[PDB]
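We name chains A, B, ... by the order of the sequence lines, and we start the count at 1 in each one. Only heavy atoms go into these numbers, but all of them, side chains included; no hydrogens, no water, no symmetry mates.
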Amino acid sequence: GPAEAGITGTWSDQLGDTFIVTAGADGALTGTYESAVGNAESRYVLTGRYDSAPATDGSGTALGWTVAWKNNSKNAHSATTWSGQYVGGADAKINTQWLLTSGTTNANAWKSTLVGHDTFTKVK
Amino acid sequence: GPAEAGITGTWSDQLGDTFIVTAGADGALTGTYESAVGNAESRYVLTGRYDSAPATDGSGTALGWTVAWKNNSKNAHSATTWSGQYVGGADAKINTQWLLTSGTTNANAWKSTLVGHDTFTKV
Amino acid sequence: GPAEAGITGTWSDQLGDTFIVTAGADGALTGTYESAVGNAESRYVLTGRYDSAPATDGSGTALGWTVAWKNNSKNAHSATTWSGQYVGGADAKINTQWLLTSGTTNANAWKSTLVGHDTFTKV
Amino acid sequence: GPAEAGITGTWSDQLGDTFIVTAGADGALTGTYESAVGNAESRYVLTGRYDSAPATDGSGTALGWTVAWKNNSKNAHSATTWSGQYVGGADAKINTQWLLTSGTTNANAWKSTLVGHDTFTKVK
Ligand SMILES: O=C(O)CCCC[C@@H]1SC[C@@H]2NC(=O)N[C@@H]21
Ligand SMILES: O=C(O)CCCC[C@@H]1SC[C@@H]2NC(=O)N[C@@H]21
Ligand SMILES: O=C(O)CCCC[C@@H]1SC[C@@H]2NC(=O)N[C@@H]21
Ligand SMILES: O=C(O)CCCC[C@@H]1SC[C@@H]2NC(=O)N[C@@H]21
């Protein structure tokens with residue numbers, strides 16, 4: 001439906017974090033992600049899931065994805081998930097909230113996870 | 001590293017939410033998840049990532065995964081991500097926080113996302 | 001410091017959720033909040049805290065507050081906390097993330113807490 | 001009702017973070033809080049709100065509170081809110097999720113906020 005093609009493409013946010021994704025008819029999200037901030041260099045594997053038959057009543061399309069911050073260049077020992085919804089239209093948006101967990105000892109687990117939000121806009 | 005075999009298997013929480021996962025040598029998590037609560041029936045595909053070369057200093061292994069709540073039986077128009085860490089050993093744990101976003105109209109978007117936390121133990 | 005007069009006043013977000021606050025010289029926030037959405041009518045008491053001696057290095061001023069959604073008109077059996085920072089200047093902002101917990105039975109507690117975010121600008 | 005007296009008293013969690021609170025008939029929570037972890041020393045002022053007429057159907061009592069991490073001994077330039085519900089009974093609990101925001105420059109705001117959860121049990 002329009003959400004598969006709508007989500008597929010390149011996205012970025014206002015900090016210049018950016019990702020390339022394909023949304024499949026099987027509900028899969030597959031791509032790579034590049035953060036402009038934090039302990040990250042170059043691109044990381046992204047995988048996730050989305051609702052391939054969203055409500056047709058004006059609602060967004062729910063989705064989520066994960067990046068573990070390890071690639072051939074760098075390993076931050078952390079992983080981020082983004083949970084949110086795709087809102088289509090000519091200026092499509094992906095609106096998300098995210099959790100960034102770092103590996104820690106049990107004693108430091110209380111400070112293991114950052115939370116934030118981010119809206120991405122489609123490049124093409 | 002040990003996290004590969006250690007994450008691979010079947011996990012559950014106190015409510016009987018459960019999942020089967022394989023942690024690949026490449027950092028992929030793939031499996032199936034079943035919720036005991038919510039607008040959910042039977043199993044849903046899970047996919048995520050973990051740090052396949054975690055620190056060796058006693059820290060946990062970071063990971064995350066997603067489930068979109070649509071399968072052959074039901075579609076709740078929602079998706080959950082779990083972000084957390086695997087803590088190994090013979091009674092291994094995966095400690096998570098989670099975000100459950102439901103598709104909403106823009107007017108309702110302020111109430112789209114629930115947050116919670118959950119500890120799974122290996123079956 | 002400037003945060004005292006700068007936080008004190010009336011604030012609103014894009015939806016018309018609004019609050020009046022006084023930031024005390026002692027670190028207290030006290031005021032009243034009105035939501036344009038949700039199970040809410042008229043004004044509710046707000047109370048919180050802010051760092052009354054923030055860093056001087058250009059950082060924002062940390063703060064937080066709570067509203068329990070019971071007043072003379074309505075009781076939604078819920079409470080929201082906002083955690084964030086005040087960024088001063090002539091177009092000052094309060095940038096927040098928030099947690100809205102509803103009273104639930106233990107069985108439903110996994111769905112008790114919504115999460116979101118909101119930026120307020122000063123009227 | 002039972003929730004006012006139920007919440008009033010001293011609470012602690014498994015790390016030995018602890019607080020003393022009074023829940024008022026006016027919906028107020030007033031007290032002080034002592035963290036066993038992080039950039040904190042001795043006690044900090046706590047203020048918050050709770051539902052003074054909770055549902056009588058088995059539901060918990062919603063509540064929340066704030067601590068800014070500045071006292072006469074220490075200033076961490078941060079503040080934490082806890083949002084959750086009081087569950088009464090002979091072994092009463094306060095179950096919460098929390099957000100800890102540090103003051104940051106706008107550039108570092110994406111890493112300003114930690115998230116976690118915590119269950120407190122009543123001391124007396
Ligand atoms: O520092 C790390 O642990 C690895 C990089 C984390 C970057 C975070 S993930 C949430 C936010 N969104 C971005 O694209 N970058 C930051
Ligand atoms: O109700 C829905 O929208 C779909 C089911 C959601 C179930 C949630 S996901 C977070 C928590 N953990 C579980 O295993 N189940 C609930
Ligand atoms: O529906 C309820 O349980 C009470 C009203 C909640 C309104 C929420 S609080 C977070 C967000 N910000 C607002 O100003 N309103 C919504
Ligand atoms: O380091 C700081 O910025 C000040 C202390 C923060 C302590 C946090 S607040 C959430 C968690 N619960 C606790 O009682 N202590 C930690």
inquiry  = I need the minimum non-hydrogen distance between A:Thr81 and B:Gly64, along with the two atoms involved.
reply    = CG2-CA, 3.7 Å
key: chain B neighbours within residues 16-48 of chain A, where any heavy atom lies under 4.5 Å away   = A:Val45, A:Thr47, A:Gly48
message = Please enumerate all residues that pass ring pair (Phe, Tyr, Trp, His ring centres under 6.0 Å) together with A:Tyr50, with sequence neighbours excluded.
response = none
inquiry  = Only heavy atoms, only distances under 4.5 angstrom. Which residues in residues 51-62 of chain A are near chain B?
reply    = A:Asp51, A:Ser52, A:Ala53, A:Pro54, A:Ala55, A:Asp57, A:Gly58, A:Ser59, A:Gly60, A:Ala62
Any residue of residues 82-118 of chain A which, by heavy atoms, sits under 4.5 Å from chain B = A:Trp82, A:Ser83, A:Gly84, A:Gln85, A:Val87, A:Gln97, A:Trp98, A:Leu99, A:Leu100, A:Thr101, A:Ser102, A:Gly103, A:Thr104, A:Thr105, A:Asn106, A:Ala109, A:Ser112, A:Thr113
